[PDB]
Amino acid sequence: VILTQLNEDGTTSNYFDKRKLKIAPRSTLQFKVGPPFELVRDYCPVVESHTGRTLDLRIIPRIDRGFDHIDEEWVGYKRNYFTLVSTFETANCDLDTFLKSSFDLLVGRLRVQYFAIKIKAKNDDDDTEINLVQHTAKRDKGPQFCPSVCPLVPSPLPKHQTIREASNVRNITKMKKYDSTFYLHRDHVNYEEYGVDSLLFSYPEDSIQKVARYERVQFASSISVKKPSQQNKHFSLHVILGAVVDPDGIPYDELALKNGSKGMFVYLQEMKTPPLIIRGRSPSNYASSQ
């Protein structure tokens, strides 16, 4: 009924089929590591502006809620929340140096203003994009929004237990304890250590995330989860690392910039999950029907 896997930090992932077993909404059993991500491709090279050294980049993503490994498939539920977190790392550059440096895209050099992540859902069989929606903790009693592009600086990915622990923190003392895990506050650095052209000072806001944390995410309520043949559709979640540059032949998305003008989120690397099954609202997807 429950299949258990040991996570890297010593917590467990407990996979169960909601068609057979109903578990409370806030049970720790709802938290579990989801499907592993795989490289799709590398896109635009990034180089340090004076040394010319190529910056080696790696997305480090994980799903921490919403997906179960059931009979060799990864399964989610349309009605339910998932959590997808990601960082990135630069294997050849330590953070403190990275933030003081400046970087260009090698396309012909566009200056990188900042690095950012976005997520997307797709139909894995035909590459059609599928809308995602996020809620606040208030759910129907608060706003809905589409996942946003997240400016980020390189950081190790927090352990699964840490994501769990930080999922619903209000208390100020506890928020203080997790703050340095999730944020860099640029307004707290020594400005005299930085040049005007430094990467840190082209980030759009003083509060900069160290971790892209997409919580309370769902597939859009209108998604069709079965093919016409009644076979399940296969979906995939994608994490894309990009460099945001000033618009003034390679993959990019437009972005509403800080100063108001157009911006380009230029793709650097993309990873995706294996195929995912999503179970819809049918009574037969729930143990209650039995």
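Counting begins at 1, following the sequence as shown.
Gap check for residue 107 to residue 108: 4 to 9 deposited residues are absent from the model. In this entry, 250 to 258 has the higher mean Cα B-factor, the comparison being between 250 to 258 and 36 to 44.
When the C-alpha B-factors of 199 to 207 and 124 to 132 are averaged, 124 to 132 comes out higher.
In this structure the maximum Cα B-factor among 215, 71, 187, 193 is found at 71. The residue among 242, 66, 52, 228 whose C-alpha atom has the highest B-factor in the PDB entry is 52. Annotation for residue 115: CA B-factor lies in the lowest third of the chain's modelled residues. When the modelled residues of the chain are ordered by C-alpha B-factor, residue 28 sits in the middle third.
Looking at the C-alpha B-factors along this chain, the one for residue 83 belongs to the lowest third. Residue 9: CA B factor in the highest third of modelled residues in this chain (values from the PDB entry).
When the CA B factors of the chain's modelled residues are split into thirds, the value for residue 154 lands in the middle one.
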